[PDB]
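Chain by chain, the residues:
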Amino acid sequence: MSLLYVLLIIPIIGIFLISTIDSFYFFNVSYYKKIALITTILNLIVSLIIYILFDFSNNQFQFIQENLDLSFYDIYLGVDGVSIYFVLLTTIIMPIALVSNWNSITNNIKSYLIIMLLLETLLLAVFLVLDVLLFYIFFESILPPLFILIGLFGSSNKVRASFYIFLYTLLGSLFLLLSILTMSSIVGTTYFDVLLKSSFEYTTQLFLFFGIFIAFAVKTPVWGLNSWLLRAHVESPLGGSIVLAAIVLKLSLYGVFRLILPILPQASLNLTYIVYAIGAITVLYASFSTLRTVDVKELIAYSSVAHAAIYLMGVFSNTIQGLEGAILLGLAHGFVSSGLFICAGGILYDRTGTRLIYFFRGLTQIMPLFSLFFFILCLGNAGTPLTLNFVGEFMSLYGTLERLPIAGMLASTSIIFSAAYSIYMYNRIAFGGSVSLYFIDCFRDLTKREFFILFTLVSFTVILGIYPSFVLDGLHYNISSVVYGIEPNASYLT
Amino acid sequence: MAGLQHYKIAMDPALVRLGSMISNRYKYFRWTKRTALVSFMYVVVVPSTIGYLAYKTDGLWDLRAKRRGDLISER
Amino acid sequence: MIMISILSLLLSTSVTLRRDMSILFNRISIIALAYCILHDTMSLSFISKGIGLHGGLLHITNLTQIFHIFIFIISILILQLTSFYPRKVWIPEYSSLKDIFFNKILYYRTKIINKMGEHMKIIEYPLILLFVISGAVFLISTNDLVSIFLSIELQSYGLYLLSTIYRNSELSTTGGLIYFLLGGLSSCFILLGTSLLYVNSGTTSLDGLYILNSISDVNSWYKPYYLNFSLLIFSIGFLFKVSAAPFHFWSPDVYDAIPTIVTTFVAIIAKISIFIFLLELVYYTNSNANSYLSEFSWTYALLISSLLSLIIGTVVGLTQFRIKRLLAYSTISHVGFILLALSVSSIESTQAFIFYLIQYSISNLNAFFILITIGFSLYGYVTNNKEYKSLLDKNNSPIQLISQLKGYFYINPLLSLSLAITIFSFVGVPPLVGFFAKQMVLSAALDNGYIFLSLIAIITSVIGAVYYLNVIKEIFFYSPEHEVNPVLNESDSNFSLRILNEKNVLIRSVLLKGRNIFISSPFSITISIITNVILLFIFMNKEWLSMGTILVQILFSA
Amino acid sequence: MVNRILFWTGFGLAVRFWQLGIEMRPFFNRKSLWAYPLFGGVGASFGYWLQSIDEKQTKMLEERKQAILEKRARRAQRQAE
Amino acid sequence: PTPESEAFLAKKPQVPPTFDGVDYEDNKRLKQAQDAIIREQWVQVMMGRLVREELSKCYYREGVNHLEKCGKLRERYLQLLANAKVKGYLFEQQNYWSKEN
Amino acid sequence: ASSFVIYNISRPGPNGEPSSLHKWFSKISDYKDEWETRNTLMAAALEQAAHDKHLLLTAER
Ligand SMILES: CCCCCCCCCCCCCCCCCC(=O)OC[C@H](COP(=O)(O)OCCN)OC(=O)CCCCCCCCCCCCCCCCC
Ligand SMILES: CCCCCCCCCCCCCCCCCC(=O)OC[C@H](COP(=O)(O)OCCN)OC(=O)CCCCCCCCCCCCCCCCC
């Protein structure tokens, strides 16, 4: 039983215990929440054990278990540098997501925990599978649990939201499936170790690129294909929102490393000016739009759109710096956007019952712990240094500028507007007068739970912001394998 | 109002009405001269302009280790 | 064996008028079909494209025998609906093996188990059921033009009889009239197509027609236009019987009007026999050289119908509010996928065809089984909804509206999840078996240059997903309109049950309530096995997919 | 991790579990506990049978592949003239 | 020369940095070839890191005289900056080239 | 205080010889060729498996 298969098995045992413990003890709801939390903790503990044993400079997939009982659809698991940190981010985030809803579900708690635990197994399976069809099977398997999570525990407009996220993702994924099936037909197999060895013809690469890019653009999302995010990420329960923004957005980013950079390098090189136009447009249009967004979670949801454009531009830079920056920005956005949704969807929305920004003012006066963390998360969302958000933005933007300067400059302008919308929101909530006259009751400050799910998130971004080498050390050799090009005097040694 | 009891707010009817109008605004969009031009400016022209500049200047320069007597122009 | 059972059952049925024999006759039909599986399992120890039997009027292939068994197994599963009472009484004091196998329990069962329900009083129902099966298996094994006609009428006439056998329902007699009248028109096109083959070729033998087709596929005086044109007319009649668009209008009306238990059999068994029959006829008439023959190939009627079924099935299902009409339109969209795989005549598409047909039959069976079980479960529930009160044939079709499923997740959460799994398998969400079925059809269509049809298949799939999601939303996003029956649990409304030993001597006496009334084991187990096959297919796919791979290799074996 | 007997023993165990949940009957009452060995026993029997089927399928598919290279050979050798 | 450490024994490429003569069917040898491509590129680049490092110490040590004393260290970095860059194996794996053309 | 203590005791010392605990974390994570062996057999087996399907899927009608 490989460590990687252990990762997928623990959350399934937790589901079993959650749904059977009543036959051994009316069981208290606190029991279910404790089973689910410990389950995610042991999954985090296993992912940390794997990371200690992980080797930073191996071109072999590590911790793979030999199957040799070949079938039509077999599940092979393996990990290298590009997948190791996405696996860690999934295992760190999900316990925080569980605590972020400890008190705010209050109904169908068994269903919420089983759905949350199942989502962990599926999302981890996405980052661990060593086959392109296996990748697709898990990328899509999460829609029905996502569809039912929003509908069971979402806000007032959760019906329109759940439909939007289901149908957008399916429609785009159906175009990715067509591209994937063409690959398996030509090659005979979708296993990574032998599909990357193959060489597709240019026009095949061109049509393979559109099919895959249409799906990755719905999931980034790119601007104009992002209606589903505006609805789903806001109407979802807080735990759903954290998982949706901090893990699910990353699948398309990790999928660019496994599905287009190795097999479609000519198409990627010849179409970067189209990816960059869409990437540049998304940086500006989203930034201007979130400046005028009045729902606090939708403002924070809309920020994810702007940052996802920056690491989408990085992965197509064909440079070592852009690709490392893209993973580091995708990781950084995972912590910071998780904290900002806890601040908005968890702290403000539980106190007031509303998310309109018009009703908030001067919260610093009564809530100095919320404002202290909120400001640090508003700095991190603005790409301020000593946050992992700056190291990722600077490396991602440097690659974008070097690959194509006109897009780099425009994507650079995000340094202004991210700051602009992040600080403007911060002032209309924490500063900007005395406590809002709409509040009749006074508000309490962060509970111990709220303090420690924020302190944990702001610790990860800051420590990684001062020493990003912890992550870059395990990306240097694997990131190198996805670069496409040669130097005049280093190529073809004899 | 929600599942978990919150504090008592002075829920202003005017602000509540404003936040509902925004959430429902998509149902009332119509194609007119104005709405067609704006939607054509943002979606087609400005993106196609950037795509033109990105396409035209892809590979035009390299800054790496450039010296005096050696240009930045690459094409 | 099917013929001995039909004759033997009829003789036993002929000399009785007791409607309490109906449940017993249904069980004997299950036993009889089990022997039919045994005799056809015995017959698979040979490899051949075909062995003509009985003077050359019939034939047997490995494919034919595999799908005889599948038809028998589907019929045994469906026959459970009329062989076991819908509800049972369970208690922990009568749960051991020593209890079920040595002791007896006694209580007033009649009202609890619906002993006198309409679907338990039709003596001849299992017998007409076996008649349809005989037509279906004879059609699979048919080698001759006259044998084709006789088998299709035998299966068709039985289905008309089953649609009307509930003779006191105004809905059922109306649905029986519609199927017979439009079905009789369809049978003229089959007879016309078969007759035009005979008048031109001079033979009723499918062997001889294939020989005539094969020599005429070269690269003057008797150019063989008749073969494609006749099979085109011949195929149109078979497209009606599978409810393929644009020949599909009858089925949403017939499926909704006839009782749900009848709909289960009527909507499943007929597609399997026609599609399997069509598969061989597509293979042996498929021209190789691009000549004037291939340009008039009758199989474009299949490709056009697959296109039209993909659109009609998904678009028209958007506004359906009655659950049985939605399933009818959901079926039409799925025969669109099935017909695409039949039209691409590749090794890959024929494997995809074989797998898709079996997994959809299993999946559609589950949806009907779950729908009947939810109907039998609402006995201990009441509602004040004014819409539900105005429904017709409530006893024959207890669930008629999607709105009736509102909050079923709060009435029975795990049964609601089985419905959701089945419906998510219909959309094609991985790793459910439905996804893998659509995936194989798309990969085979893509590999043969069917790009335009593959793109419409994906686009219509998103539209189809909307009404699938709409069923799921009613079950999970809303609280139910059904309340538990107060008089079933009122702290003093308790009925009595006696537990007695082998000698009919008392052992214990327990007072019971409505919460001791459960779904019968046959229906829960069948739902549970099929639901887990749908969900866990990715771990169990080797033998199932290898069977079809071998079957296609025999069919294609140069 | 695809063992025919272990998987199908578990499949039969899962069938009983889902069945009891569908009936909304308790998952583990001690007098009914014989059923899980029974369901898992029948599940194990189905998978010993699937073992033999898979063996015969592998032999037959392996035989077909040989016939396919055989057909390609004698066609290619005939083209040598 | 600096002795080869025990760590710099388990990761030495036993194969030359090239794809000529590699049978892409055989997985071990192709993977070794990709390993040799990347490690040579990284080895060449850390040369620039050490030259950059030395030039820094030279610059401070020489102060204003850095424009006249650190010349050899200046050029060596510039040559490395002109040539060394991790470009991956993927182009060379997929595209053969010959000098006798 | 813990950071100062842990860093000091984790140093390799004046000599290059690793610590007692340093050698344990290297012995456990040896994998001298294990990932290289297992991966090679998996890739070759699936390459053959893709070959067998290519034969069956392209057989002459
Ligand atoms: C690695 C490969 C894995 C392959 C899949 C393996 C299995 C994965 C899980 C599949 C479904 C398992 C369901 C587990 C829960 C079953 C146990 C149960 O009964 O839970 C009941 C629970 C609460 O209901 P209850 O407590 O009875 O009522 C109390 C009312 N006060 O009610 C619930 O928990 C229902 C929860 C909501 C439904 C689940 C989330 C949506 C699932 C959509 C199903 C279709 C897609 C399946 C996808 C499988 C994973 C990809
Ligand atoms: C917001 C902070 C931003 C930080 C940005 C990054 C730093 C740049 C700015 C600070 C510049 C100086 C940093 C400190 C330098 C010295 C660190 C130190 O304490 O080293 C001593 C200790 C032993 O020395 P040693 O490394 O073994 O020397 C021989 C090795 N050849 O070496 C050790 O390993 C001991 C480590 C002890 C723990 C770290 C001590 C940090 C000191 C500053 C703490 C600031 C935070 C204060 C927190 C609240 C305190 C009330």
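Residue labels used throughout are counted from 1 along each chain in written sequence order rather than taken from the entry, whose numbering may differ, and residues without coordinates are not included. For this description, chains carry letters from A and ligands carry numbers from 1, given in the order in which they are written. What you see is a piece of a larger assembly; the numbers all apply to this piece alone. The basis for every side-chain value is the complete set of non-hydrogen atoms in the structure, without hydrogens or water. Residues with missing side-chain atoms are left out of burial classes, side-chain pairs and their counts.

Chemist: Could you give me a rundown of the overall build of chain B, with the residues and numbers involved?
Modeler: Put simply, DSSP H or I for four residues or longer makes a helix, DSSP E for two residues or longer makes a strand, and each gets a number counted from the N terminus. For chain B, the count of helices and strands is two helices and zero strands. Just to be clear, the radius of gyration here is over C-alpha atoms, and the globule rule we use is 2.2 Å times residues to the power 0.38. On C-alpha atoms alone, chain B measures out to a radius of gyration of 26 Å, which is more than a quarter above the 11 Å that the 2.2 N^0.38 rule sets for 75 residues. Dimensions of chain B along its principal axes, counting C-alpha atoms only, are 75 × 40 × 20 Å. Each residue is assigned to one of three classes by its accessible area relative to the maximum for its type, calculated with a 1.4 Å probe on protein chains only: buried under 20%, partly exposed between the two thresholds, exposed over 50%. For chain B, buried positions account for 13% of its 75 residues. Note that accessible areas follow from Shrake-Rupley with a 1.4 Å probe, and for residues the cover is restricted to the protein chains shown. Element-wise, carbon and sulfur atoms account for 62% of the exposed surface of chain B, whose accessible area totals about 6300 Å². Treating the 13 positive side-chain charges of chain B as one cloud and the 5 negative ones as another, the clouds have centres 16 Å apart. For the purpose of charge, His is not counted, nor are the chain termini; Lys and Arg are scored as positive and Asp and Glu as negative. We put the charge of a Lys on NZ, of an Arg on CZ, of an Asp on CG and of a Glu on CD.

Chemist: Describe the packing of aromatic side chains, with residues and values.
Modeler: Here is the rule: rings of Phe, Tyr and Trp (six-membered ring for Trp) pair when centre to centre is within 6.5 Å. Planes less than 30 degrees apart are stacked, more than 60 are edge-to-face, and the remainder are tilted. With the rule as written, the count across this model stands at 92 aromatic pairs over all chains. A centroid spacing of 5.4 Å and a plane angle of 85 degrees characterise the contact between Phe537 of chain C and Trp544 of chain C, whose relative ring orientation is edge-to-face. Judged on exposure class, the residue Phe537 of chain C and its partner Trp544 of chain C are both buried. Taken together, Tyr73 and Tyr136 of chain A together with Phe355, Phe435, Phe436, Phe537 and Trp544 of chain C form an aromatic cluster joined through their ring pairs. A cation sits over an aromatic face here: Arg25 of chain D above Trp90 of chain C, 4.3 Å from the ring centre. Note on geometry: a ring has a charge over it if NZ (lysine) or CZ (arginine) is within 6 Å of the ring centre and within 35 degrees of the ring normal.

Chemist: Hey, could you go over a nonpolar patch on the surface for me, with residue numbers and the actual values?
Modeler: Taken together, the side chains of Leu37, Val38, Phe40, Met41, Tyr42, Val43, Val44 and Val46 of chain B present a nonpolar region at the surface, about 670 Å² in accessible area. Position of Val38 of chain B among the secondary structure elements: in helix α2 (residues 33–57). Excluding any residue in a salt bridge, patches collect residues exceeding 30% relative accessible area, merging like charges within 9 Å and nonpolar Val, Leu, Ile, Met, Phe, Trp and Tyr side chains within 5 Å. Salt bridges are defined as contacts in which a side-chain nitrogen from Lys or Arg sits within 4 Å of a carboxyl oxygen from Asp or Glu.

Chemist: Lay out the site of ligand 1 in plain terms, naming residues and giving numbers.
Modeler: Put simply, a residue is near a molecule or strand once any heavy atom of it comes within 4 Å of that molecule or strand. The environment of ligand 1 is formed by 19 residues, the closest being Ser19, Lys110, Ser111 and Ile114 of chain A together with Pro413 of chain C. Ligand 1 sits at the junction of chains A and C, each of which supplies nearby residues. Here a polar contact is taken to be a pair of N or O atoms separated by no more than 3.5 Å, where protein atoms must pair a possible hydrogen donor with a possible acceptor and residues adjacent in sequence count only if both atoms sit in side chains. Residue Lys110 of chain A places a side-chain N or O atom 3.2 Å away from an oxygen atom belonging to ligand 1. Across the complex, the protein chains shield 78% of the 1100 Å² of accessible surface that ligand 1 would expose by itself. Secondary-structure elements contributing two or more residues to the shell around ligand 1 are α4 (109–128) and α6 (143–153) of chain A together with α20 (413–427) of chain C. Counting residues per element, the shell around ligand 1 draws most heavily on α4 of chain A, which supplies six residues. As a working rule, the residues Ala, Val, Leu, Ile, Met, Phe, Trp, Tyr, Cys and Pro are called nonpolar, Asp, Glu, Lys and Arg charged, and the rest polar, with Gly in that last group. Looking at side-chain class alone, the shell around ligand 1 contains 15 nonpolar, three polar and one charged residues.

Chemist: Before we move on, could you go through the nonpolar core and cite the residues and values that matter?
Modeler: Nonpolar core, defined: a set of buried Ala, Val, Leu, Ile, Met, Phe, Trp, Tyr and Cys residues in which side-chain atoms within 4.5 Å join the residues together. Formed by 403 residues in total, the largest nonpolar core has its most connected members in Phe216, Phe370 and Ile429 of chain A together with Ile133, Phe238, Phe353 and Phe424 of chain C. With 19 residues, helix α17 (residues 347–377) of chain C is the largest single contributor of residues to this core. Should any heavy atoms of two residues lie within 4.5 Å, those residues are counted as being in contact. Setting aside anything within four residues of it in sequence, one finds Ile429 of chain A in contact with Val296, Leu348, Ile357, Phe360, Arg361, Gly362, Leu363, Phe370 and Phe374 of chain A. By size, the runner-up hydrophobic cluster in this structure holds 12 residues, among which are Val89, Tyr94, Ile105 and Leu512 of chain C.

Chemist: Give a detailed account of the interface of chain C and chain A, specifying residues and quantitative values.
Modeler: The interface is formed by 36 residues belonging to chain C together with 31 residues belonging to chain A. Once two parts are put together, the accessible area they lose, assessed with a 1.4 Å probe and summed over both, is termed the buried area. With both chains or domains summed, chain C and chain A bury close to 3100 Å², and 83% of this area falls on carbon and sulfur atoms. When the buried surface of chain C facing chain A is broken down by residue, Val462, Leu469 and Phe477 of chain C rank first, second and third, together holding 21% of it. Across the chain C-chain A interface, the total number found is four residue pairs in polar contact. Of all the secondary structure elements, the ones that give two or more residues to the side of chain C that touches chain A are α19 (408–411), α20, α21 (433–447), α22 (451–476) and α24 (541–555) of chain C.

Chemist: Give a detailed account of the interface of chain B and chain A, specifying residues and quantitative values.
Modeler: Contacts between the two partners involve 28 residues from chain B and, on the opposite side, 33 residues from chain A. Around 2700 Å² of area is buried between chain B and chain A when both sides are counted, 69% of it from carbon and sulfur atoms. Interface area lost by chain B to chain A is led by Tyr7, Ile9 and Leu15 of chain B, which between them contribute 23%. Our count for the contact surface shared by chain B and chain A stands at one salt bridge. Across the salt bridge formed by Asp58 of chain B and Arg403 of chain A, the nearest N and O atoms sit 2.6 Å from each other. Joining chain B to chain A, the criterion identifies 10 residue pairs in polar contact.

Chemist: Report on the site of ligand 2, specifying residues and quantitative values.
Modeler: In the region of ligand 2, the neighbouring residues are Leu386 and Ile466 of chain A together with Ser3, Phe4, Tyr7 and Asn8 of chain F. Positioned at a junction of chains, ligand 2 has nearby residues supplied by chains A and F. For ligand 2, whose free accessible area comes to 1200 Å², the fraction covered by protein is 18%. Tallying contributions element by element places helix α1 (residues 2–9) of chain F first for the shell around ligand 2, with four residues.

Chemist: How would you sum up the UniProt feature "transmembrane region" (unreviewed entry) in chain B? Please name residues and give values.
Modeler: UniProt positions are given in the numbering used here, feature names are shortened, and annotations may be inferred rather than shown by experiment. Here, the residues flagged by UniProt with the feature "transmembrane region" (unreviewed entry) are residues 35–55 of chain B. Between the first and last C-alpha atoms of residues 35–55 of chain B the distance is 29 Å; the span itself is 100% helix and 0% strand.

Chemist: Give me helix α7 (residues 158–187) of chain A: which residues, what numbers.
Modeler: Helix span, as expected, comes to 1.5 Å for every residue beyond the first. With 30 residues, α7 of chain A extends 42 Å between its outermost C-alpha atoms, agreeing within 8% with the 44 Å of an ideal straight helix rising 1.5 Å per residue. Following α7 of chain A by one or two positions, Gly188 of chain A adopts a phi angle in the positive range, close to 90 degrees.

Chemist: Hey, could you go over the side chain of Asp350 of chain A for me, with residue numbers and the actual values?
Modeler: In this structure, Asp350 of chain A sits in helix α14 (residues 320–352). In contact with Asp350 of chain A, not counting residues within four places along its chain, are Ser104 and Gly345 of chain A together with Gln5 and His6 of chain B.

Chemist: Help me get a handle on helix α17 (residues 405–412) of chain A, residues and values and all.
Modeler: Turn by turn, an α-helix covers 3.6 residues, leaving residues three or four places apart pointing in a common direction. Residues of α17 of chain A that are buried include every one of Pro405, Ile406, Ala407, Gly408 and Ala411 of chain A, and no others. Residues of α17 of chain A that are buried in the fold lie against α12 (265–290), α13 (296–315), α16 (388–403) and α18 (414–430) of chain A together with α2 of chain B.

Chemist: With reference to specific residues and values, describe the state of the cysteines.
Modeler: Residue and element names in this part refer to chain E. Here, a disulfide means two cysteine sulfur atoms that sit within 2.5 Å of each other. As enumerated under the stated definition, the model contains one disulfide over all chains in all. Each sulfur of the disulfide joining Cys58 and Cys70 lies 2.0 Å from the other. The S-S bond linking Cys58 to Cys70 shows a torsion near -105 degrees; that makes this disulfide left-handed. Remark: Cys70 occurs in the loop between α3 (66–69) and α4 (71–83) and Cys58 occurs in helix α2 (residues 27–62); sequence separation between them is 12 residues. By relative accessible area, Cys70 is classed as buried at 3%.

Chemist: Could you give an account of the packing of α14 of chain A against α16 of chain A, naming the residues involved and the relevant values?
Modeler: All names here are of chain A. Remark: α14 packs on α16, axes separated minimally by 7 Å, with the N-to-C direction vectors making an angle of 150 degrees. Crossing hand, α14 versus α16: left-handed. Counted together, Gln321, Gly322, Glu324, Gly325, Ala326, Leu328, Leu329, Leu331, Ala332, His333 and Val336 of α14 and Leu388, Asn389, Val391, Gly392, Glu393, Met395, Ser396, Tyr398 and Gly399 of α16 form the full contact between these two elements. Counted by class, the contact of α14 with α16 contains 10 nonpolar, eight polar and two charged residues. An axis is simply a line fitted to the C-alpha atoms; with a helix, the fit covers only the stretch in contact. Between two such axes, the angle follows the N-to-C directions and lies from 0 to 180 degrees. Each crossing gets its hand from how the near helix is turned against the far one by less than a right angle, where anticlockwise is left-handed and clockwise is right-handed.

Chemist: Describe the pattern of salt bridges, naming the residues involved and giving the relevant values.
Modeler: Counted by the stated rule, this structure contains 23 salt bridges over all chains. Measuring nitrogen to oxygen at the nearest pair gives 3.2 Å for the salt bridge that ties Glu75 of chain E to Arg67 of chain B. Within this pair, whereas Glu75 of chain E is found in helix α4, its partner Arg67 of chain B is found in the segment after α2, the two belonging to separate chains. For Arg67 of chain B, a relative accessible area of 37% translates into the label partly exposed. Overlapping salt bridges bring together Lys542 and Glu543 of chain C together with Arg4 and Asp54 of chain D as one network.

Chemist: Mind laying out the sheet that holds strand β7 (residues 495–500) of chain C, listing which residues take part and the relevant values?
Modeler: Residues and elements named next belong to chain C. By the convention used here, strands pair only if DSSP detects at least 2 bridges between them. Read from one edge of the open sheet, three strands run β4-β7-β8, paired in antiparallel fashion. With one partner strand each, in any of the chains shown, β4 (104–106) and β8 (506–512) form the two edges of the open sheet. Each adjacent strand pair in this sheet contributes to an overall mean axis angle of 20 degrees, direction not counted. Alignment of β7 against β8, held across six bridges, turns out to be antiparallel. Counterpart to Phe495 in the pairing with β8 is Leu512.

Chemist: Residues and numbers for the environment of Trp102 of chain A, please.
Modeler: Residue and element names in this part refer to chain A. Examined against the element boundaries, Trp102 turns out to sit in the loop between α3 (81–99) and α4. You can call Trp102 partly exposed: its relative accessible area is 25%. Separated by 232 residues in the primary sequence, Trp102 and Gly334 place their C-alpha atoms 20 Å from one another. Not counting chain neighbours up to four residues away, the residues in contact with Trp102 comprise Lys33, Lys34, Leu37 and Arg449.

Chemist: Can you tell me about unusual backbone geometry, naming the residues and giving the values?
Modeler: Residues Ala245 of chain C and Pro246 of chain C are joined by a peptide bond in cis, for which omega reads 5 degrees. Mapping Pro246 of chain C onto the fold places it in the loop between α10 (225–241) and α11 (250–257). Residue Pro430 of chain C is joined to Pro431 of chain C through a cis peptide bond whose omega torsion reads 0 degrees. With respect to the helices, strands and loops of the structure, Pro431 of chain C is situated in the loop between α20 and α21. Within the chain, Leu386 of chain A stands out as a residue other than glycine whose phi angle is a positive 65 degrees.

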